[PDB]
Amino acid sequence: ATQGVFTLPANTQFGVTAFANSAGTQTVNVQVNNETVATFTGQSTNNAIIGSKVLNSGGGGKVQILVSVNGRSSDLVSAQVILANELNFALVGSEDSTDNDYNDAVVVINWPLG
């Protein structure tokens, strides 16, 4: 299945934060309504934050996460969880190799903000 794609409410501020746990340099691409709106590049084997930004979901609400290492697309896993029918987390793990820890870049999207 396609992973790393989420439908947000329209015109909503959201946070996106990425962590790295890999020997490979991670590139995290964030698209909103099919346009790249943030890129995070970094390397850590100890969960360093490689980016955190506030974005707007726009008219269409479509948010997509892609992750690559050395130009190769990582395999993604994702889900969305909603607490108290209001607090939302869109969650992505990614695997750049074959140990299958899925933590090589970890991305957390949260809304609402403010």
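Numbers follow the displayed sequence, beginning with 1.
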| query | finding |
| --- | --- |
| Greater mean Cα temperature factor according to the PDB record, 68-76 or 83-91 | 68-76 |
| Ranked against its chain, the third holding the CA B-factor of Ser52 | highest |
| Chain-relative CA temperature factor third for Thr2 | highest |
| Relative C-alpha B-factor of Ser44, binned into the chain's lowest, middle or highest third | highest |
| Chain thirds of CA B-factor: placement of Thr17 | lowest |
| Ranked against its chain, the third holding the CA B-factor of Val37 | highest |
